[PDB]
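Next up is one chain by itself, shown in structure tokens, the form deposited in one PDB entry.
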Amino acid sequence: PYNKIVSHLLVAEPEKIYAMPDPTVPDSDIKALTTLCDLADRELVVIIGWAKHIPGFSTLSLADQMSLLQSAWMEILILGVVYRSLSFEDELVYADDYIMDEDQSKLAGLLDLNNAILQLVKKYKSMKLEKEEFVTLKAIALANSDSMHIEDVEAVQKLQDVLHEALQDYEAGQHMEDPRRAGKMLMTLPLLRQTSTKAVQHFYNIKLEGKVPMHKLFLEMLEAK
């Protein structure tokens, strides 16, 4: 029975979407990446919707709303994979119908990116990350996304402050045994940022190599980096 912003982000959390890899297409690197880029395109729509439930996000200018999402979108996608993967060992749950082990990662050419995502999984598993913390960190990653293009720096700082205050209140209430738990959660964000950079670089390379079709929204978010 905790912080109201945390409560709200929990009920704002979107429903899972399925990858639905085309069962008429033969299994290949191109099929795996096409499947993952299609899933990312669809999850970006859901993410834009979610961001509007984040208290105060909708009061920013449309330019600032776009700036935060263009900076943070891959971090938010990664955190979803991470959260879904916490009850697994050495597997990434991209979706309930798309669980990637080492074998599938090698076949997709994603072994290095997927190993970095697994390092995030193993850290949050050792901290026993709760859904409450997951949704709060997702929002903080959006607010703290270091865009060079913000118009109202004070308004974005205020959003950062509101969500950080929510995280601190939740940990103070729920995790009295570890007075440093909120800071330990914030100290996971550098590896999240690092992994997002590697993922965006990787998918940018795939876009240039021209062999994997990609939807308009995914390509626009990739172009913005």
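All residue numbers refer to positions in the sequence shown, first residue = 1. Residues that one form lacks are left out of the comparison. Just so we're on the same page, rigid core means the largest C-alpha set that superposes within 1.5 Å between forms.
The following text describes the form deposited in another entry, which does not appear among the structures shown.
With the core held fixed, the Cα of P213 is displaced between this form and the one not shown by less than 2 Å. Whereas the displayed form keeps them at a certain spacing, the CA atoms of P14 and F57 lie at least 3 angstroms farther apart in that other deposited form.
Annotation for the pair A12/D96: C-alpha atoms approach each other in that other deposited form, by 3 Å or more compared with this form. Shifted regions between this form and the one not shown (3+ consecutive residues, every CA moving 2 Å or more on the core fit): 11 to 15, 21 to 26.
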